[PDB]
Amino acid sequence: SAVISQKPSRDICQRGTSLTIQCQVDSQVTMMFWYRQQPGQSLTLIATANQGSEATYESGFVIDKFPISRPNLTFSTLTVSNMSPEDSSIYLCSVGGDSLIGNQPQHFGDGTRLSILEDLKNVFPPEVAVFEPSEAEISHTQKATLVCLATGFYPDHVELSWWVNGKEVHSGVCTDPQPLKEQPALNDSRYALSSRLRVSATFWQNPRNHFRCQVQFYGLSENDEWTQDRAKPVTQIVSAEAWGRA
C-alpha cells in the first residue's frame, strides 16, 4: 500500500556520462531494493539499499559502478556511473518489509527506462502512417481493420494509442508487444511498430467518424545539445489520421 515514485520516467543519455535516478516513498518502509530488467527478460536484483551506509551489492554489481545512497527510509538514489550501451535497461525500485501498516510485501515503482547511445545524433522520431481498411475485408466479414505503422524511430521510446472521434479507445485495438528491428543484425537499427484498430464496416463507412493513430515519442530534452539541420528529436507526438468513407 506504499506509493513509490521514481524519477525520471525515461532518459536518453550519451555514452560515458552518469545519470542519478531517485526513488521516494510516501511512507516509512524498512527494506528497499534496486532492480534492473530489460523488456522481455527476467528481473535481476542489483543491490539492497541500506539506510545511512553502503548498499549490499549482489554478485556482478560494484559500488564504483552503481553508487547507491539512502539518507532516510523514504528516499534513495541510484547513479549509473560511466554509462555504456550495455547498461541500457529499465531500473526498478522496490520497497517492502516493516511499516506502520505492518510487514507488507515488496511492491515496485514505475521504473526508469534508460537508453544509452554512442551518439545522440542517432535519435529519430517515428514516421506514422495509417492504412485504410481493405474493401475485400469489408464485404467478406462486415468488419473493417485499420493498420498503423510507426517506423524509423530510435530508441524504442514510443507509446501507441488509437483515437476515435477525439476519444481514446481500447476495444478492437491490438498493438505489437515490442517493436521489431528494421535491420536486426545492425546494433544501431531503428524500430518499427504495427497496430490494428478493427470496427464494424458500418462504423468505418460513416464519413463523420474520425480515426487517428497517436504515437507518443520520448526523445531529447531542452538541456540536451543539438546541432543538426534536422529538427531536434524532442519528446513529441507524431500522428496519422483518416476519415470514414462510403
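In case it trips you up, residue 1 is the first one in the sequence shown, and so on.
On average the C-alpha atoms of 39-47 have higher B-factors than those of the other stretch, with 39-47 and 208-216 being the two compared.
Taking the mean C-alpha B-factor of each stretch as recorded, 110-118 and 97-105 are not equal, and the higher mean is that of 97-105. Within the selection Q22, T235, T17, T227, the deposited Cα B-factor values reach their highest point at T227. Placement of the Cα temperature factor of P126 within the chain: lowest third of the modelled residues, per the deposited record.
When all modelled residues of the chain are sorted by CA temperature factor, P133 is found within the lowest third. Among all modelled residues in this chain, the alpha-carbon of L160 has a temperature factor (C-alpha) in the lowest third. Per the PDB record, residue ranking by Cα B-factor puts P71 in the highest third of the chain. In this PDB entry, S171 carries a Cα temperature factor that places it within the lowest third of its chain's modelled residues.
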